[PDB]
file coords.csv (CSV, C-alpha atoms)
chain,number,residue,atom,x,y,z
F,2,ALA,CA,59.3,151.6,174.8
F,3,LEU,CA,57.9,155.1,174.4
F,4,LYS,CA,57.9,155.5,178.2
F,5,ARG,CA,61.2,153.7,178.8
F,6,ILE,CA,63.1,155.5,176.1
F,7,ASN,CA,61.7,158.7,177.5
F,8,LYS,CA,63.2,157.7,180.9
F,9,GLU,CA,66.8,158.4,179.7
F,10,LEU,CA,65.6,161.5,177.9
F,11,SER,CA,64.7,163.0,181.2
F,12,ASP,CA,68.2,162.6,182.6
F,13,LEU,CA,69.6,163.5,179.2
F,14,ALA,CA,67.8,166.8,178.8
F,15,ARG,CA,68.0,168.0,182.4
F,16,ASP,CA,71.8,167.3,182.2
F,17,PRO,CA,73.3,165.7,179.0
F,18,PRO,CA,76.8,164.2,179.0
F,19,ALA,CA,79.4,167.0,178.6
F,20,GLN,CA,82.0,164.6,177.2
F,21,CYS,CA,79.6,164.1,174.3
F,22,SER,CA,76.3,165.5,173.1
F,23,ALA,CA,73.4,163.3,172.2
F,24,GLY,CA,69.6,163.2,171.7
F,25,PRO,CA,66.7,161.5,169.8
F,26,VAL,CA,65.7,162.7,166.3
F,27,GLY,CA,62.3,164.3,166.1
F,28,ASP,CA,59.5,163.0,168.3
F,29,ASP,CA,60.4,159.5,167.0
F,30,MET,CA,61.4,157.8,170.3
F,31,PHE,CA,63.5,154.9,168.7
F,32,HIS,CA,66.5,156.3,167.0
F,33,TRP,CA,69.3,157.8,169.1
F,34,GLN,CA,72.6,159.4,168.2
F,35,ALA,CA,75.7,161.0,169.7
F,36,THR,CA,79.0,162.7,168.9
F,37,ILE,CA,82.6,162.6,170.1
F,38,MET,CA,85.5,165.0,169.7
F,39,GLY,CA,89.2,164.2,169.6
F,40,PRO,CA,90.1,164.1,173.4
F,41,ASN,CA,93.1,166.0,172.3
F,42,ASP,CA,95.6,163.3,172.9
F,43,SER,CA,95.2,160.5,170.4
F,44,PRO,CA,96.0,160.9,166.6
F,45,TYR,CA,92.6,162.4,165.7
F,46,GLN,CA,92.5,165.8,167.3
F,47,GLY,CA,89.9,168.0,165.7
F,48,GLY,CA,88.3,164.8,164.3
F,49,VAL,CA,84.5,164.8,164.9
F,50,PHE,CA,82.9,161.3,165.2
F,51,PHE,CA,79.3,160.4,164.8
F,52,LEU,CA,77.5,157.2,165.8
F,53,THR,CA,73.8,156.2,165.4
F,54,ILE,CA,71.8,153.9,167.6
F,55,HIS,CA,68.9,151.5,167.1
F,56,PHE,CA,66.6,150.5,169.9
F,57,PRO,CA,64.8,147.1,169.6
F,58,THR,CA,61.0,146.8,169.3
F,59,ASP,CA,61.2,144.4,172.3
F,60,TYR,CA,62.5,147.1,174.7
F,61,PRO,CA,66.2,147.6,175.6
F,62,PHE,CA,65.9,144.2,177.1
F,63,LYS,CA,67.3,143.2,173.7
F,64,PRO,CA,70.9,144.0,172.6
F,65,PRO,CA,70.8,147.3,170.6
F,66,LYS,CA,72.6,147.7,167.3
F,67,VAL,CA,75.3,150.3,167.0
F,68,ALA,CA,77.5,151.4,164.1
F,69,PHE,CA,80.1,154.0,163.1
F,70,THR,CA,79.2,156.2,160.1
F,71,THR,CA,82.7,157.7,160.3
F,72,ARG,CA,85.7,155.8,158.9
F,73,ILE,CA,87.9,155.4,162.0
F,74,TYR,CA,91.1,153.4,161.7
F,75,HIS,CA,91.2,152.5,165.3
F,76,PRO,CA,92.3,148.9,166.3
F,77,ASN,CA,88.9,148.1,167.9
F,78,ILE,CA,86.4,148.9,165.2
F,79,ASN,CA,85.8,147.0,161.9
F,80,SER,CA,84.7,148.5,158.6
F,81,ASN,CA,81.0,148.1,159.3
F,82,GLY,CA,81.6,150.2,162.4
F,83,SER,CA,81.5,147.2,164.8
F,84,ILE,CA,82.2,148.7,168.2
F,85,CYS,CA,83.3,146.3,170.9
F,86,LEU,CA,81.2,147.0,174.0
F,87,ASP,CA,81.1,144.6,177.0
F,88,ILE,CA,77.9,146.4,178.0
F,89,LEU,CA,76.0,144.6,175.3
F,90,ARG,CA,77.1,141.3,176.8
F,91,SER,CA,75.9,140.0,180.2
F,92,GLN,CA,76.8,143.5,181.4
F,93,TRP,CA,73.5,144.6,179.7
F,94,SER,CA,71.1,145.9,182.3
F,95,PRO,CA,67.5,146.2,181.0
F,96,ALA,CA,67.7,149.6,182.5
F,97,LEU,CA,71.2,151.1,182.0
F,98,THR,CA,72.0,154.8,181.6
F,99,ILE,CA,73.2,154.9,178.0
F,100,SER,CA,75.1,157.9,179.3
F,101,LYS,CA,77.7,155.5,180.6
F,102,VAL,CA,78.0,153.7,177.3
F,103,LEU,CA,79.0,156.8,175.4
F,104,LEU,CA,81.7,157.5,178.0
F,105,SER,CA,82.9,153.9,177.5
F,106,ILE,CA,83.7,154.7,173.9
F,107,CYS,CA,85.4,158.0,174.9
F,108,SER,CA,87.8,156.2,177.3
F,109,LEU,CA,88.4,153.5,174.7
F,110,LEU,CA,90.3,155.9,172.5
F,111,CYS,CA,91.9,157.7,175.5
F,112,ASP,CA,93.0,154.3,176.7
F,113,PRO,CA,93.1,151.5,174.0
F,114,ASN,CA,94.4,148.0,174.6
F,115,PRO,CA,95.4,146.2,171.3
F,116,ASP,CA,94.9,142.5,171.9
F,117,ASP,CA,92.4,140.4,170.0
F,118,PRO,CA,89.7,142.8,168.8
F,119,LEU,CA,87.6,142.5,165.7
F,120,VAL,CA,90.5,144.0,163.7
F,121,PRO,CA,93.7,141.9,164.2
F,122,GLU,CA,95.0,143.5,161.0
F,123,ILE,CA,95.1,146.9,162.5
F,124,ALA,CA,96.5,145.6,165.7
F,125,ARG,CA,99.7,144.3,164.1
F,126,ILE,CA,100.2,147.5,162.1
F,127,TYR,CA,99.7,149.5,165.3
F,128,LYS,CA,101.7,147.0,167.3
F,129,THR,CA,105.1,147.7,165.8
F,130,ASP,CA,104.4,149.5,162.5
F,131,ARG,CA,103.4,152.7,164.3
F,132,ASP,CA,104.9,154.9,161.5
F,133,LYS,CA,102.4,153.6,159.0
F,134,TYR,CA,99.4,153.6,161.4
F,135,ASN,CA,100.1,157.4,161.8
F,136,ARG,CA,100.0,157.8,158.1
F,137,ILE,CA,96.5,156.2,157.8
F,138,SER,CA,95.4,157.8,161.0
F,139,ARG,CA,96.1,161.3,159.6
F,140,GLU,CA,94.9,160.3,156.1
F,141,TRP,CA,91.6,159.0,157.5
F,142,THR,CA,91.2,162.2,159.4
F,143,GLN,CA,90.7,164.7,156.5
F,144,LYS,CA,88.9,161.9,154.6
F,145,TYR,CA,85.7,162.1,156.7
F,146,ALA,CA,86.6,163.5,160.2
F,147,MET,CA,87.2,167.0,158.8
Y,1,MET,CA,65.5,185.2,174.3
Y,2,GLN,CA,67.4,182.6,176.4
Y,3,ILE,CA,69.4,179.6,175.3
Y,4,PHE,CA,71.7,177.1,177.0
Y,5,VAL,CA,75.2,176.3,175.8
Y,6,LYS,CA,77.4,173.4,177.0
Y,7,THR,CA,81.0,172.8,175.9
Y,8,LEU,CA,83.4,169.9,176.4
Y,9,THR,CA,84.9,171.8,179.3
Y,10,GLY,CA,81.6,171.1,181.0
Y,11,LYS,CA,81.0,174.8,181.2
Y,12,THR,CA,77.3,175.6,181.0
Y,13,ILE,CA,75.7,179.1,180.9
Y,14,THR,CA,72.5,180.7,179.6
Y,15,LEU,CA,73.2,183.2,176.8
Y,16,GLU,CA,71.0,186.0,175.6
Y,17,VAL,CA,70.2,186.5,171.9
Y,18,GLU,CA,67.4,187.7,169.6
Y,19,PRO,CA,65.4,185.3,167.4
Y,20,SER,CA,66.2,187.5,164.4
Y,21,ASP,CA,70.0,187.6,165.1
Y,22,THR,CA,72.4,185.5,163.0
Y,23,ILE,CA,74.8,182.7,164.1
Y,24,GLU,CA,77.4,185.2,163.0
Y,25,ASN,CA,76.4,187.6,165.8
Y,26,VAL,CA,75.8,185.0,168.6
Y,27,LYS,CA,79.3,183.8,167.9
Y,28,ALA,CA,80.6,187.3,168.8
Y,29,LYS,CA,78.7,187.3,172.0
Y,30,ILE,CA,79.6,183.8,173.2
Y,31,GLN,CA,83.3,184.5,172.7
Y,32,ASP,CA,83.0,187.8,174.6
Y,33,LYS,CA,81.2,185.9,177.3
Y,34,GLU,CA,83.6,183.0,177.9
Y,35,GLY,CA,86.5,184.6,176.1
Y,36,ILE,CA,87.0,181.7,173.7
Y,37,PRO,CA,87.7,182.9,170.1
Y,38,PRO,CA,85.3,182.1,167.2
Y,39,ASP,CA,88.0,180.0,165.5
Y,40,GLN,CA,87.7,177.5,168.3
Y,41,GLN,CA,84.0,178.1,168.7
Y,42,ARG,CA,81.6,175.6,167.0
Y,43,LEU,CA,77.9,174.9,167.1
Y,44,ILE,CA,76.4,171.4,166.7
Y,45,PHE,CA,72.9,170.1,166.9
Y,46,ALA,CA,71.6,166.5,166.4
Y,47,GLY,CA,74.5,166.2,164.0
Y,48,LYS,CA,73.7,169.5,162.3
Y,49,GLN,CA,76.2,172.3,161.9
Y,50,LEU,CA,74.9,175.8,162.1
Y,51,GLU,CA,75.8,178.2,159.3
Y,52,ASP,CA,77.1,181.7,160.0
Y,53,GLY,CA,74.5,183.2,157.7
Y,54,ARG,CA,71.4,181.7,159.4
Y,55,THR,CA,68.7,183.0,161.8
Y,56,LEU,CA,67.6,181.2,164.9
Y,57,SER,CA,64.0,181.0,163.6
Y,58,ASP,CA,65.4,179.3,160.5
Y,59,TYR,CA,66.7,176.3,162.6
Y,60,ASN,CA,63.5,176.6,164.7
Y,61,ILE,CA,65.5,175.8,167.8
Y,62,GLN,CA,62.8,177.4,169.9
Y,63,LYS,CA,63.5,178.8,173.4
Y,64,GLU,CA,65.1,177.0,176.4
Y,65,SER,CA,67.2,174.8,174.1
Y,66,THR,CA,70.6,173.1,174.6
Y,67,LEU,CA,73.3,173.8,172.0
Y,68,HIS,CA,76.3,171.5,171.8
Y,69,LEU,CA,79.5,173.6,171.8
Y,70,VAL,CA,82.7,172.0,170.6
Y,71,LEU,CA,86.3,173.2,170.7
Y,72,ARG,CA,88.3,173.0,167.5
Y,73,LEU,CA,91.8,172.5,168.8
Y,74,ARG,CA,94.2,172.9,165.9
Y,75,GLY,CA,97.6,172.6,167.5
Y,76,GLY,CA,100.2,172.2,164.8

call {"tool": "encode", "arguments": {"input": "coords.csv", "output": "structure tokens"}}
result
Amino acid sequence: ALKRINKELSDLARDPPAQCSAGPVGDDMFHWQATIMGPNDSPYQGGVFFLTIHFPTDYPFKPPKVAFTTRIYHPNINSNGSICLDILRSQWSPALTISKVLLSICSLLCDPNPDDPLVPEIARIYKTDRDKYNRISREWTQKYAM
Amino acid sequence: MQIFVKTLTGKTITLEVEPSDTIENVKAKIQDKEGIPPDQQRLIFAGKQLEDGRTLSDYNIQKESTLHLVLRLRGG
């Protein structure tokens, strides 16, 4: 894993995603992290988000765990920070450029699709009760975003 | 020394600063370089915000490093 993980680091260092910065902590090649800024369109402008990663001891070949330390009231993420990513599913290549994953989350907010996510409660509220959603959206901003 | 800075705009350029300088000064140079004001200028690193009253040697960022620049868009 030390070699594989270092594989992405090469493409990451030489040229890391501009849409979002990321990199491993210390020389410990196992824990990865990233950040995302309000695309300047959705109700979260100026809201900085942080998400940690966890690589398996059996090589990426195993679905990696991801969570959201920041409290985002988006109709697609639960409380435990459960992010819905099809990549993890069959669309999980034992050798994928995590760089694409980060972008997937970026486009998610810049293009959501309220349907049957892991948060049907937020879906309904956002569905018609937009006025309220805006209240919590702005309230959850200063709470942890800022 | 030399240091790389990349913003959301995708803009990337090598800046020049001394290891004894303070984030308070570099902020003055970066803005004059791109033209972006300090209010919108921000410095992030592995999820660590740089303080205005801190020296490069303090954060031990070494040389040939890549700083994550973020734009603080207020709009209100």

call {"tool": "closest_residue", "arguments": {"input": "coords.csv", "among": "Y:62, Y:55, Y:9, Y:25", "to": "chain F", "atoms": "all atoms listed in the file"}}
result
Y:9

call {"tool": "interface_residues", "arguments": {"input": "coords.csv", "of": "chain F", "to": "chain Y", "cutoff": "12 Å", "atoms": "only C-alpha atoms", "output": "ChimeraX atom specification"}}
result
/F:13-27,32-42,44-53,70,147

call {"tool": "closest_residue", "arguments": {"input": "coords.csv", "among": "F:99, F:121, F:140, F:134", "to": "residue 12 (chain F)", "atoms": "all atoms listed in the file"}}
result
F:99

call {"tool": "atom_distance", "arguments": {"input": "coords.csv", "atom1": "CA of residue 98 (chain F)", "atom2": "CA of residue 8 (chain F)"}}
result
9.3 Å

call {"tool": "residues_near_point", "arguments": {"input": "coords.csv", "point": "(86.8, 140.0, 165.4)", "cutoff": "10 Å", "atoms": "all atoms listed in the file", "output": "list in words"}}
result
residues 77, 78, 79, 83, 85, 117, 118, 119, 120, 121 and 122 of chain F

call {"tool": "residues_near_point", "arguments": {"input": "coords.csv", "point": "(78.9, 185.4, 175.6)", "cutoff": "12 Å", "atoms": "only C-alpha atoms", "output": "list in words"}}
result
residues 2, 3, 4, 5, 12, 13, 14, 15, 16, 17, 25, 26, 27, 28, 29, 30, 31, 32, 33, 34, 35, 36, 37, 38 and 41 of chain Y

call {"tool": "build_atoms", "arguments": {"input": "coords.csv", "residues": "region 8-38 of chain F", "atoms": "N, CA and C atoms", "output": "CSV table (one decimal), in the coordinates of the input"}}
result
chain,number,residue,atom,x,y,z
F,8,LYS,N,62.6,157.7,179.5
F,8,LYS,CA,63.2,157.7,180.9
F,8,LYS,C,64.6,158.3,180.8
F,9,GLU,N,65.4,157.9,179.8
F,9,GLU,CA,66.8,158.4,179.7
F,9,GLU,C,66.7,159.8,179.2
F,10,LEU,N,65.7,160.2,178.4
F,10,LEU,CA,65.6,161.5,177.9
F,10,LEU,C,65.5,162.5,179.0
F,11,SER,N,64.8,162.1,180.1
F,11,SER,CA,64.7,163.0,181.2
F,11,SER,C,66.0,163.4,181.8
F,12,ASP,N,66.8,162.4,182.1
F,12,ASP,CA,68.2,162.6,182.6
F,12,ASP,C,69.1,163.2,181.6
F,13,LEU,N,68.8,163.0,180.3
F,13,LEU,CA,69.6,163.5,179.2
F,13,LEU,C,69.4,165.0,179.1
F,14,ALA,N,68.1,165.4,179.0
F,14,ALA,CA,67.8,166.8,178.8
F,14,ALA,C,68.2,167.6,180.0
F,15,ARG,N,67.7,167.3,181.2
F,15,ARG,CA,68.0,168.0,182.4
F,15,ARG,C,69.5,168.2,182.5
F,16,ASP,N,70.3,167.2,182.1
F,16,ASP,CA,71.8,167.3,182.2
F,16,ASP,C,72.4,166.2,181.2
F,17,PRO,N,72.7,166.6,180.0
F,17,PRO,CA,73.3,165.7,179.0
F,17,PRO,C,74.8,165.5,179.2
F,18,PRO,N,75.4,164.4,178.9
F,18,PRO,CA,76.8,164.2,179.0
F,18,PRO,C,77.6,165.3,178.4
F,19,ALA,N,78.6,165.9,179.2
F,19,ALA,CA,79.4,167.0,178.6
F,19,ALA,C,80.5,166.4,177.7
F,20,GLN,N,81.0,165.3,178.0
F,20,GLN,CA,82.0,164.6,177.2
F,20,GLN,C,81.5,164.4,175.8
F,21,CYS,N,80.2,164.3,175.6
F,21,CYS,CA,79.6,164.1,174.3
F,21,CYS,C,78.1,164.4,174.3
F,22,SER,N,77.7,165.1,173.2
F,22,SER,CA,76.3,165.5,173.1
F,22,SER,C,75.5,164.4,172.4
F,23,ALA,N,74.2,164.3,172.8
F,23,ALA,CA,73.4,163.3,172.2
F,23,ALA,C,71.9,163.6,172.4
F,24,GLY,N,71.0,163.0,171.6
F,24,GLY,CA,69.6,163.2,171.7
F,24,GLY,C,68.8,162.5,170.6
F,25,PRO,N,67.6,162.2,170.8
F,25,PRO,CA,66.7,161.5,169.8
F,25,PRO,C,66.3,162.5,168.7
F,26,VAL,N,66.2,161.9,167.5
F,26,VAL,CA,65.7,162.7,166.3
F,26,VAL,C,64.2,162.8,166.3
F,27,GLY,N,63.7,164.1,166.1
F,27,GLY,CA,62.3,164.3,166.1
F,27,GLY,C,61.6,163.7,167.3
F,28,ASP,N,60.3,163.6,167.2
F,28,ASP,CA,59.5,163.0,168.3
F,28,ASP,C,59.5,161.5,168.2
F,29,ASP,N,60.2,161.0,167.2
F,29,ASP,CA,60.4,159.5,167.0
F,29,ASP,C,61.3,158.9,168.1
F,30,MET,N,60.7,158.3,169.2
F,30,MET,CA,61.4,157.8,170.3
F,30,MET,C,61.9,156.3,169.9
F,31,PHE,N,63.0,156.2,169.1
F,31,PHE,CA,63.5,154.9,168.7
F,31,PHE,C,64.9,155.1,168.2
F,32,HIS,N,65.2,156.1,167.5
F,32,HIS,CA,66.5,156.3,167.0
F,32,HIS,C,67.3,157.4,167.8
F,33,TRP,N,68.4,157.0,168.3
F,33,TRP,CA,69.3,157.8,169.1
F,33,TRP,C,70.6,158.0,168.5
F,34,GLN,N,71.3,159.1,168.8
F,34,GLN,CA,72.6,159.4,168.2
F,34,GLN,C,73.5,160.2,169.2
F,35,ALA,N,74.8,160.3,168.8
F,35,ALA,CA,75.7,161.0,169.7
F,35,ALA,C,76.9,161.4,168.9
F,36,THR,N,77.8,162.2,169.5
F,36,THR,CA,79.0,162.7,168.9
F,36,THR,C,80.2,162.7,169.8
F,37,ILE,N,81.4,162.6,169.3
F,37,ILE,CA,82.6,162.6,170.1
F,37,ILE,C,83.7,163.4,169.4
F,38,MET,N,84.4,164.2,170.2
F,38,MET,CA,85.5,165.0,169.7
F,38,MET,C,86.9,164.5,170.1
